[PDB]
Amino acid sequence: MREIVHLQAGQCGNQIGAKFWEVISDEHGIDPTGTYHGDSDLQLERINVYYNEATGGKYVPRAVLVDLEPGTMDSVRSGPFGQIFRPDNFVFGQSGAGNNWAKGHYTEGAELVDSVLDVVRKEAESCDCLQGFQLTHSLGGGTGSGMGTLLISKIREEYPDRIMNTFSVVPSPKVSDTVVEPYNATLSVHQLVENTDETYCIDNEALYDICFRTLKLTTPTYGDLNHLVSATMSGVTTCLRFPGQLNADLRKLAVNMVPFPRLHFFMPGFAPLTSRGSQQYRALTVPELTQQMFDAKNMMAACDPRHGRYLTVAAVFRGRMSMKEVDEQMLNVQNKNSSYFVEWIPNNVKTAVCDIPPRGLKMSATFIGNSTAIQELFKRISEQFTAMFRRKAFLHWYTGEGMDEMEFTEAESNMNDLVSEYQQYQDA
Amino acid sequence: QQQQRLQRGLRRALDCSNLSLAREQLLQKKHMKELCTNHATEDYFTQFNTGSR
Ligand SMILES: Nc1nc2c(ncn2[C@@H]2O[C@H](COP(=O)(O)OP(=O)(O)O)[C@@H](O)[C@H]2O)c(=O)[nH]1
């Protein structure tokens, strides 16, 4: 009825998707073998947003898992939930992407793309009324960035009304993996602004400071970082599956946070994150979810909105709760701080209330917020492109693949007006 | 005089029914306090450190 076709790309995308599907499948009560052994009847009525049918009460996801080397999805199949994925939905090449986006934008990923479009158009036309798609990828890779921006572009030219959404994993600016991550990440952003009209930013160093300083773990891992990418991700689609008092789909999220089609770069967060030994001391009420969700520390981008300006705000609430305390705190954070909120928009916050709490909890909350504090993400990635580029350093990897150097200069310059767009909403 | 005594009796019957409903509404608000309270069980905490990559 309101289906979501889920698209993944890369080593990030195959190991974010493998953990997110561990979250929905126990949210809806699905065992590791496919079938349903839940306890209520609300876990079965709206399951078709993500799952399909089979023989014998077996439900198989509407996912497509895409990569450019066969070794990445050997661990995605050997997982606790590896045998619930349909065997044809995995797409793999043989030669790698090599941390070079044009290898996967023109040569390797441009010949893998036409076998995935034969897959995504098979799982899209089985939807009775598809709401839209969803992508998770890393701009700093070669597969999910070189080819994942090709996969966006061939589904926005064909299906131009349904939603396209992106849980992008942008490069962290302080300490990151790969040296040549500027080129694969800067260049894909200019081909990302046209074709999505909703995009988040999940920086991997903004997941480390939560799982160390707030969750108070000893050895964090990537398995304890995909729990935070996923608990956000089900927390934006939760009224589409569980009935509540004020619903909001994935379409009504955008309507109240993108007022111009170049303004779709938000900053996620997630509120009830407490340490186990420090769980007894916490007070647990409504205004200690709106307390912790709006701290700049909690935020899942590595950029602060004290420097910037909350253009609009959204929030989704789960759990049976009281509309007086939901609606007064949202007013309360907004009235005190005039300098953090724009002029020319009177009310900046949207509210949604689901009923079913997440697994192991009674209440929760999720945040999506538009800012002009995310053009401080883009200037620090466009200072290290043009530092490296005007000395022509790594250039032979890229311009020896059939890619002009005038093609660099447009996404060097015409990307930068999007940066100069956001500072004119520092004015009125 | 008979009708005035009957009227006073009707008002006192109203008072008794209101008293019963007041005790039940106290019960309802005491139950409603324990829904906006949050509490995280051990399932949420066993969600962490399960994948050692
Ligand atoms: N935040 C996060 N980052 C990941 C995860 N898996 C890999 N990465 C990061 O993504 C980068 C590697 O992705 P990569 O393999 O290059 O992407 P691909 O080329 O598209 O397959 C590294 O910088 C890692 O730090 C994950 O589960 N979460």
# chains A, B, ... in the order shown; residues from 1 in each chain; ligands from 1
>>> closest_atom_pairs(of="stretch 193-308 of chain A", to="stretch 21-36 of chain B", cutoff="12 Å", atoms="only C-alpha atoms", output="tab-separated table")
residue	atom	partner	partner_atom	distance
A:283	CA	B:36	CA	11.8
A:284	CA	B:36	CA	8.7
A:285	CA	B:36	CA	6.3
A:286	CA	B:36	CA	6.8
A:287	CA	B:36	CA	10.5
A:288	CA	B:36	CA	11.4
A:289	CA	B:36	CA	11.4
>>> write_last_selection(atoms="N, CA, C and O atoms", output="PDB file, in the first residue's frame")
ATOM      1  N   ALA A 283      16.589  10.119  35.334  1.00  0.00           N
ATOM      2  CA  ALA A 283      15.150  10.319  35.327  1.00  0.00           C
ATOM      3  C   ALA A 283      14.649   9.991  33.932  1.00  0.00           C
ATOM      4  O   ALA A 283      15.320  10.301  32.944  1.00  0.00           O
ATOM      5  N   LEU A 284      13.506   9.328  33.827  1.00  0.00           N
ATOM      6  CA  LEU A 284      13.025   8.932  32.515  1.00  0.00           C
ATOM      7  C   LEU A 284      11.605   9.445  32.325  1.00  0.00           C
ATOM      8  O   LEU A 284      10.646   8.795  32.755  1.00  0.00           O
ATOM      9  N   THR A 285      11.473  10.608  31.686  1.00  0.00           N
ATOM     10  CA  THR A 285      10.177  11.197  31.374  1.00  0.00           C
ATOM     11  C   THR A 285      10.222  11.760  29.963  1.00  0.00           C
ATOM     12  O   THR A 285      11.187  11.556  29.224  1.00  0.00           O
ATOM     13  N   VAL A 286       9.139  12.457  29.594  1.00  0.00           N
ATOM     14  CA  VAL A 286       9.094  13.136  28.291  1.00  0.00           C
ATOM     15  C   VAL A 286      10.152  14.219  28.116  1.00  0.00           C
ATOM     16  O   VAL A 286      10.900  14.148  27.132  1.00  0.00           O
ATOM     17  N   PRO A 287      10.319  15.214  29.002  1.00  0.00           N
ATOM     18  CA  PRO A 287      11.315  16.249  28.690  1.00  0.00           C
ATOM     19  C   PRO A 287      12.749  15.851  28.978  1.00  0.00           C
ATOM     20  O   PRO A 287      13.602  16.735  29.075  1.00  0.00           O
ATOM     21  N   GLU A 288      13.040  14.564  29.149  1.00  0.00           N
ATOM     22  CA  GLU A 288      14.396  14.056  29.056  1.00  0.00           C
ATOM     23  C   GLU A 288      14.514  13.058  27.894  1.00  0.00           C
ATOM     24  O   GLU A 288      15.339  12.142  27.914  1.00  0.00           O
ATOM     25  N   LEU A 289      13.665  13.220  26.885  1.00  0.00           N
ATOM     26  CA  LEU A 289      13.967  12.850  25.510  1.00  0.00           C
ATOM     27  C   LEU A 289      14.132  14.062  24.612  1.00  0.00           C
ATOM     28  O   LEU A 289      15.025  14.089  23.777  1.00  0.00           O
TER      29      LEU A 289
END
>>> interface_residues(of="chain B", to="chain A", cutoff="8 Å", atoms="only C-alpha atoms", output="list in words")
residues 35, 36, 37, 38, 39, 40, 41, 42, 43, 44, 45, 48, 49, 50, 51, 52 and 53 of chain B
>>> write_last_selection(atoms="N, CA and C atoms", output="PDB file, in the first residue's frame")
ATOM      1  N   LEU B  35       2.407   5.402  32.291  1.00  0.00           N
ATOM      2  CA  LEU B  35       2.577   5.184  30.859  1.00  0.00           C
ATOM      3  C   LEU B  35       3.577   6.140  30.227  1.00  0.00           C
ATOM      4  N   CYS B  36       3.659   7.375  30.713  1.00  0.00           N
ATOM      5  CA  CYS B  36       4.654   8.328  30.246  1.00  0.00           C
ATOM      6  C   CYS B  36       5.995   8.164  30.944  1.00  0.00           C
ATOM      7  N   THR B  37       6.083   7.286  31.938  1.00  0.00           N
ATOM      8  CA  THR B  37       7.369   6.883  32.482  1.00  0.00           C
ATOM      9  C   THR B  37       8.065   5.965  31.481  1.00  0.00           C
ATOM     10  N   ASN B  38       9.371   6.138  31.334  1.00  0.00           N
ATOM     11  CA  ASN B  38      10.177   5.319  30.442  1.00  0.00           C
ATOM     12  C   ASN B  38      10.979   4.330  31.273  1.00  0.00           C
ATOM     13  N   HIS B  39      11.282   3.172  30.688  1.00  0.00           N
ATOM     14  CA  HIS B  39      12.108   2.158  31.344  1.00  0.00           C
ATOM     15  C   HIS B  39      12.668   1.225  30.283  1.00  0.00           C
ATOM     16  N   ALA B  40      13.986   1.060  30.269  1.00  0.00           N
ATOM     17  CA  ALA B  40      14.669   0.244  29.277  1.00  0.00           C
ATOM     18  C   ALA B  40      15.066  -1.092  29.883  1.00  0.00           C
ATOM     19  N   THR B  41      14.650  -2.177  29.240  1.00  0.00           N
ATOM     20  CA  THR B  41      14.866  -3.518  29.764  1.00  0.00           C
ATOM     21  C   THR B  41      16.248  -4.021  29.365  1.00  0.00           C
ATOM     22  N   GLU B  42      16.498  -5.312  29.573  1.00  0.00           N
ATOM     23  CA  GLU B  42      17.784  -5.908  29.241  1.00  0.00           C
ATOM     24  C   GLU B  42      17.926  -6.269  27.770  1.00  0.00           C
ATOM     25  N   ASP B  43      16.833  -6.293  27.007  1.00  0.00           N
ATOM     26  CA  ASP B  43      16.925  -6.590  25.580  1.00  0.00           C
ATOM     27  C   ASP B  43      17.664  -5.488  24.829  1.00  0.00           C
ATOM     28  N   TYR B  44      17.346  -4.236  25.162  1.00  0.00           N
ATOM     29  CA  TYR B  44      18.002  -3.076  24.575  1.00  0.00           C
ATOM     30  C   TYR B  44      19.487  -3.043  24.893  1.00  0.00           C
ATOM     31  N   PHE B  45      19.885  -3.570  26.046  1.00  0.00           N
ATOM     32  CA  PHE B  45      21.291  -3.585  26.408  1.00  0.00           C
ATOM     33  C   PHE B  45      22.025  -4.807  25.889  1.00  0.00           C
ATOM     34  N   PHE B  48      23.861  -4.607  22.168  1.00  0.00           N
ATOM     35  CA  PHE B  48      25.186  -4.067  21.888  1.00  0.00           C
ATOM     36  C   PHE B  48      26.280  -5.102  22.134  1.00  0.00           C
ATOM     37  N   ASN B  49      27.385  -4.950  21.394  1.00  0.00           N
ATOM     38  CA  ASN B  49      28.497  -5.908  21.311  1.00  0.00           C
ATOM     39  C   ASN B  49      28.018  -7.321  20.993  1.00  0.00           C
ATOM     40  N   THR B  50      27.389  -7.449  19.828  1.00  0.00           N
ATOM     41  CA  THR B  50      27.042  -8.742  19.266  1.00  0.00           C
ATOM     42  C   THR B  50      27.763  -9.042  17.963  1.00  0.00           C
ATOM     43  N   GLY B  51      28.343  -8.037  17.316  1.00  0.00           N
ATOM     44  CA  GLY B  51      29.088  -8.246  16.092  1.00  0.00           C
ATOM     45  C   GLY B  51      30.498  -7.719  16.209  1.00  0.00           C
ATOM     46  N   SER B  52      31.486  -8.612  16.146  1.00  0.00           N
ATOM     47  CA  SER B  52      32.855  -8.293  16.532  1.00  0.00           C
ATOM     48  C   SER B  52      33.725  -7.862  15.362  1.00  0.00           C
ATOM     49  N   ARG B  53      33.157  -7.200  14.364  1.00  0.00           N
ATOM     50  CA  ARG B  53      33.977  -6.708  13.272  1.00  0.00           C
ATOM     51  C   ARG B  53      34.645  -5.401  13.664  1.00  0.00           C
TER      52      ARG B  53
END
>>> select_by_dssp(residues="stretch 141-384 of chain A", states="strand (DSSP E)", output="JSON, numbers by chain")
{"A": [166, 167, 168, 169, 269, 270, 310, 311, 312, 313, 314, 315, 316, 317, 318, 349, 350, 351, 352, 353, 364, 365, 366, 367, 368, 369, 370, 371]}
>>> residues_near_ligand(ligand="ligand 1", cutoff="7 Å", atoms="only C-alpha atoms and all ligand atoms", output="list in words")
residues 9, 10, 11, 12, 15, 16, 67, 97, 99, 137, 138, 140, 141, 142, 143, 144, 145, 169, 171, 176, 177, 178, 202, 203, 204, 222, 223, 225 and 226 of chain A
>>> write_last_selection(atoms="C-alpha atoms", output="compact mmCIF listing (two decimals), in the first residue's frame")
# COMPACT_ATOMS: atom_id res chain seq x y z
CA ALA A 9 25.50 0.01 -2.22
CA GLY A 10 29.04 -0.78 -1.15
CA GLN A 11 30.79 -2.31 1.83
CA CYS A 12 29.10 0.29 3.98
CA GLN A 15 26.88 -3.93 6.31
CA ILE A 16 24.47 -1.15 7.18
CA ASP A 67 28.51 -4.10 -4.62
CA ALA A 97 36.21 -0.28 -7.51
CA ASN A 99 38.59 3.92 -4.22
CA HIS A 137 26.08 4.40 0.69
CA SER A 138 29.44 6.02 1.34
CA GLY A 140 34.18 7.95 0.24
CA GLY A 141 34.08 4.58 -1.52
CA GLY A 142 34.18 3.57 -5.13
CA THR A 143 31.12 1.38 -5.60
CA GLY A 144 28.46 3.20 -3.61
CA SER A 145 29.69 6.60 -4.76
CA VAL A 169 27.73 8.17 4.84
CA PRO A 171 33.54 11.33 4.79
CA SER A 176 39.22 9.24 7.93
CA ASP A 177 40.24 6.04 6.17
CA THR A 178 41.46 6.86 2.68
CA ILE A 202 25.97 10.25 8.82
CA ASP A 203 29.64 10.85 9.62
CA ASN A 204 31.49 7.96 11.21
CA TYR A 222 31.18 -1.04 13.50
CA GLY A 223 28.45 -3.36 14.76
CA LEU A 225 27.69 1.99 14.88
CA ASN A 226 25.16 0.35 12.59
>>> closest_atom_pairs(of="stretch 334-408 of chain A", to="stretch 314-318 of chain A", cutoff="6 Å", atoms="only C-alpha atoms", output="Markdown table")
| residue | atom | partner | partner_atom | distance |
| --- | --- | --- | --- | --- |
| A:349 | CA | A:314 | CA | 5.1 |
| A:350 | CA | A:314 | CA | 4.7 |
| A:351 | CA | A:315 | CA | 5.6 |
| A:352 | CA | A:316 | CA | 4.9 |
| A:353 | CA | A:317 | CA | 4.8 |
| A:354 | CA | A:318 | CA | 4.7 |
| A:355 | CA | A:318 | CA | 5.6 |
| A:357 | CA | A:318 | CA | 5.4 |
| A:363 | CA | A:318 | CA | 5.7 |
| A:364 | CA | A:318 | CA | 5.3 |
| A:365 | CA | A:317 | CA | 4.5 |
| A:366 | CA | A:316 | CA | 5.2 |
| A:367 | CA | A:315 | CA | 4.6 |
| A:368 | CA | A:314 | CA | 5.1 |
| A:369 | CA | A:314 | CA | 5.7 |
>>> write_last_selection(atoms="N, CA, C and O atoms", output="JSON list (two decimals), in the first residue's frame")
[["chain", "number", "residue", "atom", "x", "y", "z"],
["A", 349, "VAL", "N", 8.82, 23.46, 13.59],
["A", 349, "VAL", "CA", 8.90, 22.08, 14.07],
["A", 349, "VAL", "C", 7.66, 21.31, 13.62],
["A", 349, "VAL", "O", 6.54, 21.81, 13.74],
["A", 350, "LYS", "N", 7.85, 20.09, 13.12],
["A", 350, "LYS", "CA", 6.74, 19.21, 12.83],
["A", 350, "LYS", "C", 6.70, 18.16, 13.94],
["A", 350, "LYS", "O", 7.71, 17.86, 14.56],
["A", 351, "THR", "N", 5.51, 17.59, 14.19],
["A", 351, "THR", "CA", 5.32, 16.58, 15.22],
["A", 351, "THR", "C", 4.59, 15.37, 14.65],
["A", 351, "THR", "O", 3.64, 15.51, 13.89],
["A", 352, "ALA", "N", 5.07, 14.17, 15.00],
["A", 352, "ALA", "CA", 4.39, 12.92, 14.70],
["A", 352, "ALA", "C", 4.44, 12.02, 15.92],
["A", 352, "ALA", "O", 5.43, 12.02, 16.65],
["A", 353, "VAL", "N", 3.37, 11.27, 16.15],
["A", 353, "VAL", "CA", 3.30, 10.37, 17.30],
["A", 353, "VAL", "C", 2.86, 8.99, 16.84],
["A", 353, "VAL", "O", 1.72, 8.82, 16.38],
["A", 354, "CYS", "N", 3.75, 8.03, 16.94],
["A", 354, "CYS", "CA", 3.44, 6.62, 16.82],
["A", 354, "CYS", "C", 3.06, 6.06, 18.19],
["A", 354, "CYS", "O", 3.16, 6.73, 19.21],
["A", 355, "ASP", "N", 2.66, 4.80, 18.21],
["A", 355, "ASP", "CA", 2.22, 4.15, 19.44],
["A", 355, "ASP", "C", 3.17, 3.07, 19.93],
["A", 355, "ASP", "O", 3.37, 2.94, 21.13],
["A", 357, "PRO", "N", 6.49, 1.23, 20.89],
["A", 357, "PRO", "CA", 7.84, 1.64, 21.24],
["A", 357, "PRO", "C", 8.86, 0.76, 20.54],
["A", 357, "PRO", "O", 8.51, -0.32, 20.05],
["A", 363, "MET", "N", 9.54, 4.40, 25.45],
["A", 363, "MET", "CA", 9.42, 5.64, 24.70],
["A", 363, "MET", "C", 10.73, 5.90, 23.99],
["A", 363, "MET", "O", 11.78, 5.41, 24.39],
["A", 364, "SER", "N", 10.66, 6.71, 22.94],
["A", 364, "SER", "CA", 11.84, 7.08, 22.16],
["A", 364, "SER", "C", 11.51, 8.36, 21.40],
["A", 364, "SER", "O", 10.39, 8.87, 21.48],
["A", 365, "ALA", "N", 12.49, 8.86, 20.65],
["A", 365, "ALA", "CA", 12.30, 10.03, 19.80],
["A", 365, "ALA", "C", 13.42, 10.08, 18.77],
["A", 365, "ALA", "O", 14.52, 9.57, 19.00],
["A", 366, "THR", "N", 13.13, 10.70, 17.63],
["A", 366, "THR", "CA", 14.03, 10.75, 16.48],
["A", 366, "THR", "C", 13.99, 12.17, 15.92],
["A", 366, "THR", "O", 12.96, 12.84, 16.02],
["A", 367, "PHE", "N", 15.09, 12.63, 15.35],
["A", 367, "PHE", "CA", 15.25, 14.01, 14.93],
["A", 367, "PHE", "C", 15.73, 14.09, 13.49],
["A", 367, "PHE", "O", 16.62, 13.34, 13.08],
["A", 368, "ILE", "N", 15.16, 15.02, 12.73],
["A", 368, "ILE", "CA", 15.65, 15.40, 11.41],
["A", 368, "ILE", "C", 15.57, 16.91, 11.32],
["A", 368, "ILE", "O", 14.49, 17.49, 11.51],
["A", 369, "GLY", "N", 16.68, 17.57, 11.02],
["A", 369, "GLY", "CA", 16.65, 19.02, 11.07],
["A", 369, "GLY", "C", 17.47, 19.73, 10.01],
["A", 369, "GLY", "O", 18.67, 19.48, 9.89]]
>>> atom_distance(atom1="atom CA of residue A:161", atom2="atom CA of residue A:147")
22.0 Å
>>> residues_around(residues="residue A:304", least_positions_apart="2", cutoff="10 Å", atoms="only C-alpha atoms", output="ChimeraX atom specification")
/A:267,295-297,299,301-302,306-309,371,373-374,376-377
>>> residues_around(residues="stretch 419-425 of chain A", least_positions_apart="5", cutoff="8 Å", atoms="only C-alpha atoms", output="PyMOL selection string")
chain A and resi 372+375+378-379
>>> atom_distance(atom1="atom CA of residue A:341", atom2="atom CA of residue A:292")
18.3 Å
>>> closest_residue(among="A:409, A:398, A:414, A:428", to="residue A:345", atoms="only C-alpha atoms")
A:428
>>> select_by_dssp(residues="chain B", states="alpha helix (DSSP H)", output="compact mmCIF listing (two decimals) with N, CA, C and O atoms, in the first residue's frame")
# COMPACT_ATOMS: atom_id res chain seq x y z
N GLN B 2 -43.32 17.89 51.24
CA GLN B 2 -42.90 16.58 50.75
C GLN B 2 -41.99 16.70 49.53
O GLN B 2 -40.95 16.02 49.45
N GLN B 3 -42.34 17.59 48.59
CA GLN B 3 -41.51 17.74 47.40
C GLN B 3 -40.15 18.36 47.71
O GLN B 3 -39.16 18.01 47.06
N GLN B 4 -40.07 19.25 48.70
CA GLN B 4 -38.76 19.80 49.07
C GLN B 4 -37.84 18.74 49.69
O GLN B 4 -36.63 18.71 49.39
N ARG B 5 -38.40 17.86 50.53
CA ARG B 5 -37.59 16.76 51.08
C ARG B 5 -37.12 15.80 50.00
O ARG B 5 -35.98 15.31 50.03
N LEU B 6 -37.98 15.53 49.01
CA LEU B 6 -37.60 14.66 47.90
C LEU B 6 -36.48 15.28 47.06
O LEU B 6 -35.57 14.57 46.60
N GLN B 7 -36.53 16.60 46.86
CA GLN B 7 -35.48 17.29 46.10
C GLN B 7 -34.13 17.21 46.80
O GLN B 7 -33.09 16.97 46.15
N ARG B 8 -34.12 17.40 48.13
CA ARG B 8 -32.87 17.27 48.88
C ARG B 8 -32.31 15.85 48.80
O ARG B 8 -31.09 15.67 48.68
N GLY B 9 -33.19 14.85 48.84
CA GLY B 9 -32.73 13.47 48.69
C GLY B 9 -32.11 13.19 47.33
O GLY B 9 -31.12 12.46 47.23
N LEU B 10 -32.67 13.78 46.27
CA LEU B 10 -32.11 13.61 44.93
C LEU B 10 -30.71 14.21 44.81
O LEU B 10 -29.82 13.60 44.21
N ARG B 11 -30.51 15.40 45.39
CA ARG B 11 -29.17 16.00 45.37
C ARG B 11 -28.15 15.17 46.15
O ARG B 11 -26.99 15.04 45.73
N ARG B 12 -28.56 14.58 47.28
CA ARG B 12 -27.61 13.75 48.02
C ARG B 12 -27.28 12.44 47.30
O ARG B 12 -26.14 11.94 47.39
N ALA B 13 -28.23 11.89 46.54
CA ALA B 13 -27.92 10.73 45.70
C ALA B 13 -26.92 11.09 44.60
O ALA B 13 -26.02 10.28 44.28
N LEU B 14 -27.06 12.29 44.03
CA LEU B 14 -26.07 12.81 43.08
C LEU B 14 -24.68 12.86 43.70
O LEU B 14 -23.69 12.49 43.05
N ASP B 15 -24.60 13.33 44.95
CA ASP B 15 -23.32 13.46 45.64
C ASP B 15 -22.67 12.10 45.82
O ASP B 15 -21.45 11.95 45.60
N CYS B 16 -23.45 11.07 46.18
CA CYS B 16 -22.87 9.74 46.38
C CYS B 16 -22.33 9.13 45.09
O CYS B 16 -21.24 8.53 45.08
N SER B 17 -23.07 9.30 43.98
CA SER B 17 -22.56 8.80 42.70
C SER B 17 -21.30 9.55 42.25
O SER B 17 -20.37 8.93 41.70
N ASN B 18 -21.23 10.86 42.51
CA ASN B 18 -20.01 11.62 42.22
C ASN B 18 -18.83 11.15 43.05
O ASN B 18 -17.70 11.16 42.56
N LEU B 19 -19.07 10.75 44.30
CA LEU B 19 -17.99 10.25 45.15
C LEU B 19 -17.40 8.95 44.61
O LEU B 19 -16.17 8.78 44.58
N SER B 20 -18.28 8.04 44.18
CA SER B 20 -17.81 6.79 43.58
C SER B 20 -16.98 7.05 42.32
O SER B 20 -15.90 6.47 42.13
N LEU B 21 -17.44 7.98 41.48
CA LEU B 21 -16.68 8.30 40.27
C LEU B 21 -15.38 9.01 40.57
O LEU B 21 -14.42 8.90 39.80
N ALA B 22 -15.31 9.75 41.68
CA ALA B 22 -14.07 10.43 42.04
C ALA B 22 -13.00 9.43 42.44
O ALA B 22 -11.82 9.59 42.08
N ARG B 23 -13.38 8.39 43.19
CA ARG B 23 -12.41 7.33 43.50
C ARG B 23 -11.94 6.60 42.25
O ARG B 23 -10.74 6.30 42.10
N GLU B 24 -12.86 6.31 41.31
CA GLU B 24 -12.43 5.66 40.07
C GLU B 24 -11.54 6.55 39.20
O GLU B 24 -10.62 6.06 38.54
N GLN B 25 -11.78 7.87 39.20
CA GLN B 25 -10.92 8.76 38.43
C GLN B 25 -9.54 8.91 39.06
O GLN B 25 -8.55 9.10 38.34
N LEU B 26 -9.46 8.82 40.39
CA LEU B 26 -8.15 8.74 41.05
C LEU B 26 -7.39 7.50 40.61
O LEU B 26 -6.18 7.56 40.36
N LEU B 27 -8.10 6.37 40.51
CA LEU B 27 -7.49 5.15 39.99
C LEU B 27 -6.99 5.33 38.56
O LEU B 27 -5.89 4.88 38.21
N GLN B 28 -7.78 6.01 37.72
CA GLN B 28 -7.40 6.22 36.32
C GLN B 28 -6.16 7.09 36.18
O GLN B 28 -5.29 6.80 35.36
N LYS B 29 -6.07 8.17 36.97
CA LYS B 29 -4.90 9.04 36.85
C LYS B 29 -3.66 8.39 37.47
O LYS B 29 -2.54 8.63 37.00
N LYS B 30 -3.85 7.52 38.48
CA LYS B 30 -2.71 6.77 39.02
C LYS B 30 -2.20 5.75 38.01
O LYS B 30 -0.99 5.51 37.94
N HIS B 31 -3.09 5.15 37.22
CA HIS B 31 -2.63 4.29 36.13
C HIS B 31 -1.97 5.11 35.03
O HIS B 31 -0.96 4.67 34.45
N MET B 32 -2.51 6.29 34.72
CA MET B 32 -2.01 7.10 33.60
C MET B 32 -0.66 7.73 33.92
O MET B 32 0.06 8.11 32.99
N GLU B 42 16.50 -5.31 29.57
CA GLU B 42 17.78 -5.91 29.24
C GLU B 42 17.93 -6.27 27.77
O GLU B 42 19.05 -6.54 27.33
N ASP B 43 16.83 -6.29 27.01
CA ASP B 43 16.92 -6.59 25.58
C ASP B 43 17.66 -5.49 24.83
O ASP B 43 18.54 -5.76 23.99
N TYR B 44 17.35 -4.24 25.16
CA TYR B 44 18.00 -3.08 24.57
C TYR B 44 19.49 -3.04 24.89
O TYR B 44 20.28 -2.57 24.08
N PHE B 45 19.89 -3.57 26.05
CA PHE B 45 21.29 -3.58 26.41
C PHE B 45 22.03 -4.81 25.89
O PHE B 45 23.24 -4.74 25.69
N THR B 46 21.33 -5.91 25.64
CA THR B 46 21.95 -7.02 24.95
C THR B 46 22.01 -6.82 23.44
O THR B 46 22.59 -7.65 22.74
>>> closest_residue(among="A:186, A:237, A:166, A:115", to="residue A:3", atoms="only C-alpha atoms")
A:237
>>> atom_distance(atom1="atom CA of residue A:30", atom2="atom CA of residue A:82")
12.9 Å
>>> residues_around(residues="residue A:87", least_positions_apart="6", cutoff="12 Å", atoms="only C-alpha atoms", output="ChimeraX atom specification")
/A:60-61,63-65,73,76-77
